[PDB]
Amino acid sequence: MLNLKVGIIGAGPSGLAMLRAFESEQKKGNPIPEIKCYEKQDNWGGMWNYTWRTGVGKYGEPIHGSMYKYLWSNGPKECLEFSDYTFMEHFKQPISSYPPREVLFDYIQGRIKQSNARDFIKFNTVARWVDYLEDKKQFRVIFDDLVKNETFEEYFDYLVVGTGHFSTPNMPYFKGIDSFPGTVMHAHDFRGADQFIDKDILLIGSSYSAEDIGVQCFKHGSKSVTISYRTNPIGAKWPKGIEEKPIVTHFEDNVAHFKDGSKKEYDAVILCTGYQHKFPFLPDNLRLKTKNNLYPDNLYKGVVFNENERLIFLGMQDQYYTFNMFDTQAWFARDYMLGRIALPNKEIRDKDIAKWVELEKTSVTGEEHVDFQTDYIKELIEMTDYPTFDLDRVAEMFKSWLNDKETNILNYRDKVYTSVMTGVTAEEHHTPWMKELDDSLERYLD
């Protein structure tokens, strides 16, 4: 065992990828540092865990989860698929390209349970505060064991933060919103459309959440859905029951007034206005201070905190790629920590960061975004022993998905794609997505 201590905050996909990188090293027969992972929730898997709770959890901490009932795969499952654990391996039968959450999580956990992750994680424990000690070159981290109601401290030579960035709402005030008599919530609190059956719903925002929650409400029987955008409409061809409007200027009781001078009464308002990066446990000189984008500033190779290189952030980028991207990040972080990758000087890092920050700014369209992230991963992968996979093919599948959503927003989850791991083409699902109101694993594999 190396004379090095590494602390990992979070046992979601990012933290688990850090554990994967180290497990791979130890499977070579190579020594690794002492590793400890700490997770706020009672289970691993992060965002993938569904909870009925909203606001704060049973112990009073902000609720991490943002997933809802009736959630299905964002993009094709073939863009998620792991090299080392394929969908064919797990399910032993072809399935469609868009499984529901329970099915994806069954696959995700199938791999985690084969790993040694359980050996390294302490659950129900939150990182509460962090001091960096200049003279020790270590982080002193305060943890709160929520189950024991005890606090404790640990010291680490490297600290890896994988706490996500889709959990603390950006929940802006709108004029008069406090006069609104119905439900007012952020997408973070949305748990399913059943409570909104036969109601008129206003969604504010125009991104993934607005689109998916809006369609769900329509599909599951809301009286009507309005999506209100700030800058750009979704532009999808909507059915009767969903419509788009420009931005809300203000509310007067249950009436929303819009920029085009129209107004409508609503039963509920759901703000689909995105999330903030929030690190309450970090002093501000260690915080990522960024808007959500594909390449936050102050992160060398998108991973090493530029102003204190012993602090590592994983998964803090906006995401097309998820698990496989986190893997490439973790492998790089590992090799850096093990001394296998030499960190260049500050001037060189600054230059590289500026280059990628500028490349990101220059990307505008969805296809350009996909290509940017693909290029980002391509670079990381070439720096380590991480097994290559067909990034070009996956990028083309993301681009095809984006075009499918533009072509038909209600039915794109009916399309099938081909695995880049196994070459197997997904099989048409037994029920068209619009007709499937049962998201259970049992129903899906039935």
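All residue numbers are counted from 1 along the displayed sequence.
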{"query": "Stretch with the higher entry mean CA B-factor, where the candidates are 119-127 and 338-346", "finding": "338-346"}
{"query": "Mean C-alpha B-factor comparison - 205-213 and 277-285, higher one", "finding": "205-213"}
{"query": "Which of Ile112, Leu294, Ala333, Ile234 ranks first by CA B-factor in the deposited coordinates", "finding": "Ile234"}
{"query": "From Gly302, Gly162, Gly176, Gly241, residue of greatest CA B-factor", "finding": "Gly241"}
{"query": "Cα B factor band for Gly65 (lowest, middle or highest third within the chain)", "finding": "middle"}
{"query": "CA B-factor ranking of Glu358, expressed as a third of its chain", "finding": "highest"}
{"query": "Within-chain third of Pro172 by Cα B-factor, per the entry", "finding": "middle"}
{"query": "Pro99 CA temperature factor, ranked by third within the chain", "finding": "middle"}
{"query": "Third of chain Cα B-factors occupied by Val364", "finding": "highest"}
